[PDB]
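J.: Protein chains in written order, with the deposited numbering: chain A, 337 to 587; chain D, 242 to 291; chain C, 94 to 315; chain B, 94 to 374.
This is the structure, below, for whatever I ask next.
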């Protein structure tokens, strides 16, 4: 299976990949959008995971054909790397279902939800490999001009992350033994900081902190809220406005 | 809604995972939508200013 | 303040009838003087007190009437009055349209939903709330229980029209109005600086020519 | 030695790698210790105290860092740029050792503020990237350009808040037993808080429905006043600040455009003068 097999694989990959991959992934997304549909799975639950497993078999066939294929260059496409991880986790969950026996909990456990969102990611990859034809050029240009200003928005979101982490740290430091049942840990503290950042019941935070004994925390919280809100949203808005604006100045 | 899916297993469960996935998706999508709205507005308004 | 109105009672009201800040301050003086004349010594028929801190805040506005930098900013942003009036009228027309639509959809049937899409003033206030982001969740829970499944679709269509159009058209209009207002001001300032630069260069050239001519004349006469 | 040693330890990459590794190790370790200080894990208790004393060792590292800073211009460094702010933050971060050695911190300790200050310095002395640096320069020059808009914002806040203190004066000063937003309009500082809430525009519908419990006096002046205040302030100031920051980006790019334009005409003139020099030879 030398370079001669690689060239034959390239030509027959073009032909057979086009025909077979397009038809089977169209049928795969048909059965998968019929799957989710949380009314029709009760009109089923015996013809759904059967076709799901059959087309997962087709997908590990795709992985096998890509493994015997050109190889290192296949790993140079990030979409193909995502497909490789998808197929690794798909063969993992398939053999996990196949072996049975086991000693851990099952029957719609959290691991089953992990495999379900994995199936969702597989559906997303099916959708992304049906759009090889006619994405339409207008939204192509719109998204290409959208993706032009990547370093600026990454820097702005990094600044947002640093400011949000600092505010969460100082708030959790100032919320010690201050009825912390809403924000007793790091996850709840960052989620509450997200709520203050997203205009979600921070007036409710003010009114149920007035019922407590601490009052200066309301000025601290509100000055932090206004500075981070104004600075971050204005920065992102202006950055994207100018990002499309120099493209506006062109043709 | 935050209290609706609250107390899944009262510390982390999927109460962490689904919430954080959906929250970062929500904030990214909301920023992208609001931006794209205002930028399309100013882009088509520059046609007026010409 | 009476003394200030005495200074502004001159013939200069021939300019305090067409100008900008000037009509604002004399009208502020009038709407200051009349109410506390009928409030501090009232002796009249009136309901209650709601314009003491308001009158003092008008006096604070008269304090802020100074600071010429704020005057220049006001001049730079005062050409957007017509634009914001036009967008306000558009908002009022859309609010009226969906006001009569909401009254005929949820208030006419009279099977609930009162004082939300019922009485006209409460209907208008609920529409102003729904055109913003606030209060949409509780209103949605209120409306879906009145046997109207399409009400949710109508409300989300109303939101995706009104909120986005109003907010984003406003921000774009003001962004580029301010940009085009400041562009010409900065260009005029740079033009004035350039004119001063060329005038100084011409003065230097004329001085050099005069010095050269004087030196040549002294060399000839010497 | 002295200043030469400071120059050498700043030149050597091993010292810089060590100090940045210590900085992010301290930032990662810092939040862990507040999670648990109980007997949930007895085997992890002495090693968690060892992590806390590694934080004390990082304070000793800050002590030897300011010892290295004495090897610099010494008295001249006492009044400088943000490096003097870093020095003050390191002093405030070495303060808690003193206030726990002699202060007996069973009081208003305020160690949390100094801790978040040294984290703030740690999150800013992280060898910031140039992409962060250019946007920080844009932000500081924009807030330099923010000379009169914040003054007008605070003065409109002042006049409208002090006007709206005694407008819904029948709300907080009402004897209705069932109410939950009465403290919003009660005090002047509470009035500032609630009109800032209205400026942020969160639950204005719920707020107005909670002020609808006031006897409805045909809503002729008060409701229209608060509605006009919230809408006018929010839309006008949001539009004006986004317009100012867009104009800041516009003039930044205009200065850039004129600068590479000038560079290009200078390069063309240099090419023409090079041809002239070649011909003259």
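Using N, Cα and C, we set each Cβ at its ideal position, and we do this for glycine too.
Tell me whether residue 272 of chain C is buried or exposed, calling it buried when 16 or more other Cβ atoms sit within 10 Å of its Cβ.
T.: Buried is the call here.
J.: Identify which residue in B/202, B/207 and B/250 has its Cα closest to the Cα of residue 187 of chain B.
T.: Checking every option, the nearest Cα to that of residue 187 of chain B belongs to B/207.
J.: State buried or exposed for residue 105 of chain C, treating a residue as buried only when at least 16 other CB atoms are found within 10 Å of its CB.
T.: Answer is exposed; the Cβ neighbour count stays below 16.
J.: With a threshold of 9 Å between beta-carbons, can residue 275 of chain D be considered close to chain C, or not?
T.: It does; some Cβ of chain C falls within 9 Å.
J.: Counting C-beta neighbours from all protein chains within 10 Å, is the total for residue 185 of chain C 16 or more, i.e. buried, or is it exposed?
T.: Residue 185 of chain C comes out exposed.
J.: Should residue 455 of chain A be labelled buried (16 or more other beta-carbon atoms within 10 Å of its own) or exposed?
T.: Classification of residue 455 of chain A: buried, given that the 10 Å Cβ count is 16 or more.
J.: Look at residue 278 of chain B and residue 287 of chain B and say whether their C-beta atoms are less than 9 Å apart.
T.: Yes, the Cβ-Cβ distance between residue 278 of chain B and residue 287 of chain B is below 9 Å.
J.: Could one say the Cβ of residue 272 of chain D lies closer than 9 Å to chain A's Cβ atoms, at least one of them?
T.: Yes, because at least one Cβ of chain A sits closer than 9 Å to the Cβ of residue 272 of chain D.
J.: To test your reading of the DSSP string, which unbroken alpha helix (DSSP H) runs of 4 or more residues are found completely within the region 497 to 569 of chain A?
T.: Segments of the alpha helix (DSSP H) lying fully in the region 497 to 569 of chain A: 522 to 533 and 538 to 546.
J.: Leaving out the 5 sequence neighbours to the left and right, which residues in its chain are closer than 8 Å to residue 246 of chain B when beta-carbon positions are compared?
T.: Hits under 8 Å: 330.
J.: Whole alpha helix (DSSP H) runs in the region 220 to 245 of chain C with 4 or more residues, listed along the chain?
T.: If we require 4 residues or more, the alpha helix (DSSP H) runs fully inside the region 220 to 245 of chain C come out as 229 to 236.
J.: Roughly how far, in whole angstroms, is the beta-carbon of residue 147 of chain C from the beta-carbon of residue 256 of chain B, given that I think they are within contact range, below 8 Å?
T.: Indeed they touch by this definition, with Cβ atoms about 5 Å apart.
J.: I'd like to know if residue 237 of chain C contacts chain D, where contact means its C-beta is closer than 9 Å to some C-beta of that chain.
T.: By this cut-off, residue 237 of chain C is not an interface position.
J.: Secondary structure at residue 144 of chain C, three-state DSSP: helix, strand or coil?
T.: Three-state result, residue 144 of chain C: coil.
J.: Got a sec: is the Cβ-Cβ distance from residue 278 of chain C to anything in chain D below 9 Å?
T.: No - not a single Cβ of chain D is within 9 Å of the one on residue 278 of chain C.
J.: Between the region 225 to 234 of chain C and the region 285 to 302 of chain B, are three or more C-beta pairs nearer than 8 Å?
T.: With a cut-off of 8 Å, the region 285 to 302 of chain B and the region 225 to 234 of chain C count as touching, because enough Cβ pairs lie within range.
J.: Please go through the same chain and pick out, in chain order, the residues whose beta-carbon is closer than 6 Å to the beta-carbon of residue 462 of chain A, but skip the five residues on each side of it.
T.: Contacts found: 361, 364 and 365.
J.: Can you confirm whether the region 438 to 446 of chain A touches the region 383 to 401 of chain A when touching is taken to mean that 3 or more C-beta pairs between the two stretches lie within less than 8 Å?
T.: Touching, no.
J.: Could you pull the start and end residues of the alpha helix (DSSP H) that residue 374 of chain B belongs to?
T.: Neither: residue 374 of chain B is in no alpha helix (DSSP H) and is coded neither H nor E.
J.: Return yes when the Cβ of residue 284 of chain D is within less than 9 Å of the Cβ of residue 584 of chain A, no when it is not.
T.: Cβ atoms of residue 584 of chain A and residue 284 of chain D: closer than 9 Å.
J.: Enumerate in chain order the residues of its own chain whose CB-to-CB distance from residue 137 of chain C is below 8 Å, with the five nearest sequence positions on each side excluded.
T.: Closer than 8 Å at Cβ, skipping near neighbours: 131.
J.: Name the two residues that bound the continuous alpha helix (DSSP H) containing residue 139 of chain B.
T.: Note, residue 139 of chain B: alpha helix (DSSP H), 138 to 163.
J.: If you drop the 5 nearest sequence neighbours on each side, which residues of the same chain put their C-beta closer than 6 Å to that of residue 541 of chain A?
T.: Within the same chain, residue 541 of chain A has no close Cβ partners at all.
J.: Quick one: is residue 255 of chain D near chain A, going by C-beta distance under 9 Å?
T.: Yes, because at least one Cβ of chain A sits closer than 9 Å to the Cβ of residue 255 of chain D.
J.: Please name the residues in the region 564 to 576 of chain A whose beta-carbon is closer than 8 Å to at least one beta-carbon of chain B, in chain order.
T.: Residues 565, 566, 567, 570, 571, 573, 574 and 575.
J.: Would residue 188 of chain C count as contacting chain B if we go by Cβ distances under 9 Å?
T.: No, residue 188 of chain C lies away from the interface with chain B (no Cβ there is under 9 Å from its Cβ).
J.: Please report the distance separating the alpha-carbon of residue 448 of chain A from that of residue 432 of chain A.
T.: Looking at the two C-alpha atoms, the distance is approximately 11 Å.
J.: Hey, does residue 302 of chain B have any beta-carbon neighbour from chain A nearer than 9 Å?
T.: Chain A, which has no Cβ nearer than 9 Å to the Cβ of residue 302 of chain B, makes this no.
J.: Taking its Cβ as the centre, do 16 or more other Cβ atoms sit within 10 Å of residue 194 of chain B, making it buried, or is it exposed?
T.: With fewer than 16 Cβ atoms within 10 Å of its Cβ, residue 194 of chain B is classed as exposed.
J.: Which runs of the alpha helix (DSSP H), 4 residues or longer, sit entirely within the region 131 to 187 of chain C?
T.: List check, alpha helix (DSSP H) in window: 146 to 156 and 161 to 170.
J.: Alpha carbon to alpha carbon, how far is residue 235 of chain C from residue 298 of chain B?
T.: C-alpha separation (whole angstroms): 13 Å.
J.: Expressed to the nearest angstrom, what Euclidean distance is found between the alpha-carbon atoms of residue 519 of chain A and residue 126 of chain B?
T.: For residue 519 of chain A and residue 126 of chain B, the distance between alpha carbons rounds to 16 Å.
J.: Comparing C-alpha positions only, which one of A/392, A/511 and A/344 sits nearest to residue 424 of chain A?
T.: The option with the nearest alpha carbon to residue 424 of chain A is A/392.
J.: Let me make sure I understand the geometry here. Which of B/155, B/192, B/199 and B/198 has the alpha-carbon closest to that of residue 180 of chain B?
T.: It is B/155.
J.: With DSSP as the reference, label residue 117 of chain C as helix, strand or coil.
T.: Residue state, collapsed to three classes: helix.
J.: Could you spell out the range, first to last residue, of the alpha helix (DSSP H) harbouring residue 377 of chain B?
T.: An answer regarding residue 377 of chain B cannot be provided, because it is not within the stretch 94 to 374 covered by chain B.
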